[PDB]
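Taking the form deposited in one PDB entry, here's one chain by itself in structure tokens.
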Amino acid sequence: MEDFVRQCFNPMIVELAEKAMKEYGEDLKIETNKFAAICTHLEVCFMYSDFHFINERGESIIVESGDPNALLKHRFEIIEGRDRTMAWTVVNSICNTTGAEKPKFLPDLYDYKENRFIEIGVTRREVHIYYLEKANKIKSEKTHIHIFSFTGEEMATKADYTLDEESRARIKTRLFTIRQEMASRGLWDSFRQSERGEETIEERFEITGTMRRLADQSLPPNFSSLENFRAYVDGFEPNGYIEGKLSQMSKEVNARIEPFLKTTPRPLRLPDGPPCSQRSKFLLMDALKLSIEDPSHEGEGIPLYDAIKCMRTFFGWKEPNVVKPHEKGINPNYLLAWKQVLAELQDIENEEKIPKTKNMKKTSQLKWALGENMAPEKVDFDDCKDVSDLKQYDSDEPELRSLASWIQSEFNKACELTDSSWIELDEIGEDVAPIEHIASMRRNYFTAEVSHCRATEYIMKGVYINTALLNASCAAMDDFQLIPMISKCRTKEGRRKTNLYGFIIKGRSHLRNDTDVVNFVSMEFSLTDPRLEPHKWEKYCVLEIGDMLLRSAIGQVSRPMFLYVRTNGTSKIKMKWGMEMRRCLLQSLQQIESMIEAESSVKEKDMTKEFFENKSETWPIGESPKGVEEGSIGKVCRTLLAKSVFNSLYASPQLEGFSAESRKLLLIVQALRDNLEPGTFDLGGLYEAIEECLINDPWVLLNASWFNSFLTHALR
């Protein structure tokens, strides 16, 4: 508000208002609205008396501009812009000279043409309202009352104005402009500041019943009311209370730094129990592909026809048999569902019009497999109270499982190169700046070392499967739709290729929220005998569906071909999480580039040609029974991508906490390795926080073993 009243008014009026407040005893920084009101009143008073003069004879003139002619009276007296005592003396002098009557209250100006005093009032509210009290306060003491408004209104005694149209119009225009500017700046809160006639209130905010009573119960003890607390706080000096309280405090409250030495850490304690089992949405290293070299003709197309063409390339189907039962469900339903899928795919090739989507018949097999069997109904508690078994939904601690070797082999496979491409990124503008060249070098090397990677296959597989699931759930909210698992890649010699991994049968996907589960049955081809690691396949029913003729230089071998069938469930947040799996490439590139930048900041040079193009350099990226194994930069990039993909793929709340705590442990270890004399305050508590989230997850339990190996090798 101060900026407005200082920028909108000339320095003379600002100084006069400052003197007026000094005489009245107020602070302009605090009472901004009073300052603005005083400045407006003074400015209007000055505009009232300007260019107006008394002619030598009984006449008045409005000659403007410089008038050195003299001999003309000013026609008015300035009384507002003067001290109280000086203003009173001037008023008395002019009254005696003209024999007028001294007003009961101080006047504002004195008209010379007509020998009467005049009082100007600039109101921010209704003009007639303001005039009412202005006249009530000023009784008799005949004095003209002229009132302006911030809206262009106006009112004068007996409607007898004492100015020409052009000057009152100028005053009204100035007030209108000031009001418009205050409105534009949001400073038009002085509308209510005029709570009394010719007065500017502070801004009243009060605490009364139900807030004074609530304010007398929300303050430290030994204090009766908020006013007493305010009085105590107002009078308070640092007498040394902290020192006395620390003196009185018990010495048992301390932060003793226990040194963190090379021999203090201990390996993390992993759970012991039945081995952990696979939990991914789709098979990762056991997935088998039925591939067709799509004759170019790129453009997506209809996935169902691609799946049918992939199916038609395989001869070797046999009578399905259950080689590994699920041990928790009706096993014959699984192979019956597989047989139904085969039968429906065959029927599709005998219809008048080829569907673009297939809605499966709701058979009892698929009504049980997809959990369509009536789930517990939503009764009211007041009617089901007497059931004798009513506990809470969870009512159980998680089962403890021990790390198995299958997850490590899965990760080892996720870091390997494939024969296909799995990613084709678009072009960008040609590099023109040296930093652009450096960035392009980094990105091109990373992409070259990563495009033909298994983790990229997993990324594309998840993206495609989750996209199909989301589309089917949105457009088939009541049908048991069949959703092929399809991906597309580019062989070494071009030749785009479409791969079929299996099928998904979706359930009744009436998903209102983002956390509602849609159930489905996933049936994926594989060549892996389930009887080698049965514990891994604890959630699957594995059938033996066919025989696949693989090629060897010597001849054609005949391996068995199994189908891994399991009932799973996913919500829309999980579908979106899967669809957004291409960000794993971004995360891995961010990590590699962050390492390059960190090492470039040291040595004050671009450390990009020493990561790539330096075949001599290697990073420790594995462990063998002899010791720590090294690898090239490409293998490091692939390993980081695989780690990111698995994090996005085995996401769990036990991984987020484990990473956070193991990060602190790793930072302590690094501080030890840097000879920085690290120290902890409660290392046992940190270890407990790390281990409280090692329960059953395979990925987290493997990360814990990785950390144990790192601890073993680093502090050596």
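One rule holds for the numbers: they count along the sequence shown, beginning at 1. The term rigid core refers to the maximal set of C-alpha atoms that superpose within 1.5 Å between the two forms.
One more form of this protein, deposited in another entry, exists but is not displayed; see below.
Superposing the rigid core between this form and the one not shown leaves a single residue from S364, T313, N92, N254 with a C-alpha shift of at least 2 Å: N92. Comparing the forms between this form and the one not shown on their rigid core, the Cα displacement of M579 stays under 2 Å. When two forms of a protein are overlaid on their rigid core, residues whose CA moves 2 Å or more are considered shifted, and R266 is not one of them between this form and the one not shown.
Superposition on the rigid core between this form and the one not shown places the CA atom of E410 less than 2 Å from its counterpart.
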